[PDB]
Amino acid sequence: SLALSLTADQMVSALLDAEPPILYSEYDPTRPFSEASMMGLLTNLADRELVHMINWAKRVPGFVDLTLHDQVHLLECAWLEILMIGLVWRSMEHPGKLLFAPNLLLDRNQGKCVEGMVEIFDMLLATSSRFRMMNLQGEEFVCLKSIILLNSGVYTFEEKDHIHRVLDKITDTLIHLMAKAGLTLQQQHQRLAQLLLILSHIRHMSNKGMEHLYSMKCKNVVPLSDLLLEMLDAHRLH
Amino acid sequence: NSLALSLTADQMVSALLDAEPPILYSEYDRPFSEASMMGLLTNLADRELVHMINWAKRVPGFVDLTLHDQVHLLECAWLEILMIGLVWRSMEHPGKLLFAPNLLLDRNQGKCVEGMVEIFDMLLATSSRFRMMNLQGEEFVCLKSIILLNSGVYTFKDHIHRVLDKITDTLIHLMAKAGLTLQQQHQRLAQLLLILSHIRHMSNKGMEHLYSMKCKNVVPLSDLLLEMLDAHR
Amino acid sequence: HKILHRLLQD
Amino acid sequence: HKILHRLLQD
Ligand SMILES: C[C@H]1CCCC(=O)CCC/C=C/c2cc(O)cc(O)c2C(=O)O1
Ligand SMILES: C[C@H]1CCCC(=O)CCC/C=C/c2cc(O)cc(O)c2C(=O)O1
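Along every chain, residue numbers run from 1 in sequence order, not necessarily as the entry numbers them; residues that have no coordinates are omitted. Here chains are named by letter from A upward and ligands by number from 1 upward, in the order in which they appear as written. As a rule here, side-chain values come from all non-hydrogen atoms in the structure, and water together with hydrogens is ignored. Residues with missing side-chain atoms are left out of burial classes, side-chain pairs and their counts.

Structure determination for the deposited model, as stated in its record, used X-ray crystallography, and the stated resolution is 2.400 Å.

Here it is in structure tokens:
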């Protein structure tokens, strides 16, 4: 395993190099919004992001060493979390707006056009505002995203101790980044705690979002791809 | 400008330890039905909640918040608080959940109630995780206080986050006391706080289950429990 | 206007 | 079996 043989800098550059591209939406400024249309846009984007995410996870150090079965499980639990922290990250410098795509920038008012959406919009906007005041760096973001992929499903399965080992390495990397930025030890630990506590909120937003996705599936007016349905079924809501 | 920030790490620890709620008992019993087990658990939850409120008021910095901010934090976190408490006292009972000293249940009994076994397994997994980490009581009370102040902080600021830093310092101070190196200190801190993500997940699953119990309308739910539940939608 | 208010104030 | 399974293989 080369994942535990990587330095902090080698960890950072690897994660940075593995970054998925910013995809565009099929958004038509001519077309008036409807519920079905806006949701259709968002579910379509998510489906396309998923393909890039799955191939991104392969390039996360340590993920390849897991069994296929364990890879499937981690991605099934964490996929909406990964999307969400990605959405929040690229929305950082657009206060009061979520940048789903470069051509798809939405405020909370447009989230109200979809019943039950607004609550999730506000939580995402608050997360994005929190990253802004912390001045979250790209190097820290990619660490947090990899932590989510490895940590979220680890309590729901010999192989775990390897996962926790990789997780410990990423923690080392975060601290290395903070010490590099001139922070004191007290500040390093405080910032580390601040960043990891965000993940609690990201889990919460995902759980809520998953429930919303389940409801969309039931009223059956918004087209959901087969992959998106399978990720949804993986959480087994009733 | 208040008193929580002035405390030392040891004064923080002793305050939290002193504020700990008591271990409550369940009713003395006959094999459990779905309604009987849920009755005992909801009854227990209601009595634990009353002690949780007084416990919360004794967490340094919580009294400085407005009445409405205190309400928001507790409404958001109450099930999380119950769960880490349940998980904590279940540590020395592998494969079992110690709801009360006279209510020690395993996963087979979680199947007395539909949809309960998954929550049971998640709690059990969390408990053994704490066990394998050798979680200390001083670390536990820090984690529980953290859950209280953090879970609802993104659904409202500065005071709360300063108290959170204060507890992080206290957590690190505890690990430095135990003889852990700097690397082990921030590694363990990370390991502990990542558990809170799972605890959040368990609480969200548990909240949905409580909602469906309300809809079934067979298990008697107190008004307090009903209000705490309705705050999440 | 809730039970939680009473418990926190007492 | 499922799609995630296949995409993780290729
Ligand atoms: C607003 C939130 C509700 C999440 C609940 C939901 O409706 C998911 C289906 C629509 C997808 C939205 C979406 C798509 C992406 O490519 C990235 C994302 O972060 C999201 C997303 O976070 O949706
Ligand atoms: C099993 C789980 C399902 C959570 C869902 C649920 O049924 C909540 C209502 C019954 C109360 C359970 C309970 C009571 C306590 O005093 C402490 C607890 O940790 C719980 C609890 O964790 O409930």
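More follows now that the structure is in view.
**Structural notes on the UniProt feature "binding site: 17beta-estradiol" in chain B**
Residues and elements named next belong to chain B. Under the local residue numbering, the UniProt record ascribes the feature "binding site: 17beta-estradiol" to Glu-48, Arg-89 and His-209. In DSSP terms, a helix is any run of H or I states spanning at least four residues, a strand is any run of E spanning at least two, and both are numbered starting from the N terminus. Tracing the chain through its elements places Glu-48 in helix α2 (residues 34-56). Should any heavy atoms of two residues lie within 4.5 Å, those residues are considered in contact. In this view, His-209 contacts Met-38, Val-113, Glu-114, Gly-115, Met-116 and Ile-119; residues no more than four positions away in its chain are not counted. UniProt positions are given in the numbering used here, feature names are shortened, and annotations may be inferred rather than shown by experiment.

**Observations concerning the nonpolar core**
Residues belong to one nonpolar core when they are buried, are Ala, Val, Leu, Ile, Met, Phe, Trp, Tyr or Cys, and are joined through side-chain atoms within 4.5 Å. Buried residues are those whose accessible area, probed at 1.4 Å on protein chains only, stays under 20% of the maximum for their type, while exposed residues exceed 50% and partly exposed ones sit between those limits. By size, the foremost hydrophobic cluster in this structure holds 172 residues, and its most contacted members are A:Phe63, A:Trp79, B:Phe62 and B:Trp78. For A:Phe63, the contacting residues outside a window of four places in its chain are A:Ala57, A:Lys58, A:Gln71, A:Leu74, A:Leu75, A:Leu149, A:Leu150 and D:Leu8.

**Thoughts on helix α3 (residues 67-88) of chain B**
Residues spaced three or four apart along an α-helix point in a common direction, a consequence of the helix completing one turn every 3.6 residues. At B:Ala77, α3(B) is bent by approximately 55°, the largest bend along its length. When you tally the buried positions in α3(B), you get 18 out of 22 residues, the bulk of the element. Bend at a residue means the angle formed by two fitted axes: the first through the 7 residues ending at that position, the second through the 7 residues beginning there.

**Some remarks on the packing of aromatic side chains**
Residues and elements named next belong to chain B. Here the aromatic set is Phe, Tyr and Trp, taking the six-membered ring for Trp, and pairing holds for ring centres within 6.5 Å; pairs whose planes are under 30 degrees apart are stacked, those over 60 apart are edge-to-face, and all others are tilted. Going through the model one piece at a time under the given rule, you end up with 4 aromatic pairs over all chains. Between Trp-88 and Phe-140 the ring centres are 4.9 Å apart and the planes differ by 10°, which places this aromatic pair in the stacked class. Highlighted residues: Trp-88 in helix α3 and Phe-140 in helix α6 (residues 137-150), separated in sequence by 52 residues. A relative accessible area of 26% means that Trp-88 is categorised as partly exposed. Judged by relative accessible area, which is 2%, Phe-140 ranks as buried. Here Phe-99 and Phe-120 contribute two aromatic rings whose centre-to-centre distance is 5.8 Å and whose plane-to-plane angle is 35°, an arrangement assigned as tilted. Placement of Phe-99 in strand β1 (residues 96-100) and of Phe-120 in helix α5 (residues 117-132) is noted, with a sequence separation of 21 residues between them. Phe-120 carries the same exposure label as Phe-99, and that label is buried.

**Here we look at the site of ligand 1**
All names here are of chain A. The full set close to ligand 1 counts 16 residues, and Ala-46, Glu-49, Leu-83, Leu-87 and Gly-209 are the nearest of them. Polar contact is the term for a pair of N or O atoms within 3.5 Å; when the atoms are in protein, one must be able to donate a hydrogen and the other to accept it, and sequence-neighboring residues count only if both atoms are side-chain atoms. Within the backbone of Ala-46, a nitrogen or oxygen atom sits 3.4 Å from an oxygen atom of ligand 1. In the environment of ligand 1, an oxygen atom lies 3.4 Å from a nitrogen or oxygen atom belonging to the backbone of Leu-83. Accessible surface is estimated by sampling points in the Shrake-Rupley manner with a 1.4 Å probe; for residues, cover comes only from the protein chains shown. In isolation ligand 1 exposes 480 Å². Once the protein is present, 99% of that is buried. Broken down by secondary-structure element, the contributors of at least two residues to the shell around ligand 1 are α2 (35-57), α3 (68-90), α5 (117-134) and α8 (185-219). Nearness of a residue to a molecule or strand requires only that one of the residue's heavy atoms be within 4 Å of it.

**Structural notes on the interface of chain A and chain B**
At the junction of the two partners, chain A supplies 33 residues and chain B supplies 32 residues. Summed over both partners, the accessible surface that disappears when two parts come together, traced with a 1.4 Å probe, is what is meant by buried area. Counting the surface chain A buries against chain B, the share from its top three residues, A:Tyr155, A:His189 and A:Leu197, is 23%. Throughout this description, the term salt bridge denotes a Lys or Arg side-chain nitrogen within 4 Å of a carboxyl oxygen of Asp or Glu. Linking chain A to chain B there are 0 salt bridges. Elements represented by at least two residues in the side of chain A that touches chain B include exactly α5, α6 (138-151), α7 (160-180) and α8 of chain A.

**Details of the site of ligand 2**
Residue and element names in this part refer to chain B. Close to ligand 2 lie 14 residues; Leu-41, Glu-48, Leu-82, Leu-86 and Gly-206 are nearest. With respect to ligand 2, the side chain of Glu-48 contributes an N or O atom lying 2.3 Å from an oxygen atom. The contact in question runs from an oxygen atom of ligand 2 to an N or O atom on the backbone of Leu-82, over 3.3 Å. Contributing elements (two or more residues each) for the shell around ligand 2: α2, α3, α5 and α8 (182-216). Among the elements that line the shell around ligand 2, the one with the most residues is α2, at 5 residues. Residue composition of the shell around ligand 2, by class: 10 nonpolar, 3 polar and 1 charged. The residue classification treats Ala, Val, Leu, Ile, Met, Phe, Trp, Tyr, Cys and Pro as nonpolar and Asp, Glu, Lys and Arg as charged. All others, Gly included, are polar.

**So, the UniProt feature "binding site: 17beta-estradiol" in chain A**
Residues and elements named next belong to chain A. In the numbering used here, UniProt assigns the feature "binding site: 17beta-estradiol" to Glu-49, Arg-90 and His-212. Residues within four places of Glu-49 in sequence aside, it is in contact with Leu-23, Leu-83 and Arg-90. With respect to the helices, strands and loops of the structure, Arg-90 is situated in helix α3. In this structure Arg-90 comes out as buried when scored by relative accessible area, which is 16%.

**Details of the side chain of B:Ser145**
Residue and element names in this part refer to chain B. Relative to the helices and strands, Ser-145 resides in helix α6. Residue classification places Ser-145 among the buried residues on the basis of a relative accessible area of 0%. When neighbours within four sequence positions are excluded, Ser-145 is seen to be in contact with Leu-16, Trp-55, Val-59 and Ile-167.

**Some words on the state of the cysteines**
Chemically, a disulfide is nothing more than a covalent bond linking the sulfur atoms of two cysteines. Two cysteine sulfur atoms make up a disulfide if the distance between them is within 2.5 Å. Counting across every chain of the model gives 0 disulfides over all chains. Take B:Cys215: it sits in no disulfide, and the sulfur closest to it among the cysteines is that of A:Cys218, at 14 Å. Of the residues examined, B:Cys215 reaches a relative accessible area of 53% and is grouped as exposed.

**Structural notes on the pattern of salt bridges**
Applying the stated criterion to the full structure yields 19 salt bridges over all chains. In this structure, D:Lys2 engages A:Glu76 in a salt bridge whose closest nitrogen and oxygen atoms are separated by 2.8 Å. Here A:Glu76 lies in helix α3 and D:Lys2 lies in the segment before α1 (3-7), a pairing that spans two chains. By relative accessible area, which is 11% here, A:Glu76 ends up buried. B:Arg162 is the salt-bridge partner of B:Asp158, the closest N and O atoms lying 2.5 Å from each other. You can see B:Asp158 and its partner B:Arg162 sitting in helix α7 (residues 158-177), 4 residues apart, about one turn around the helix.

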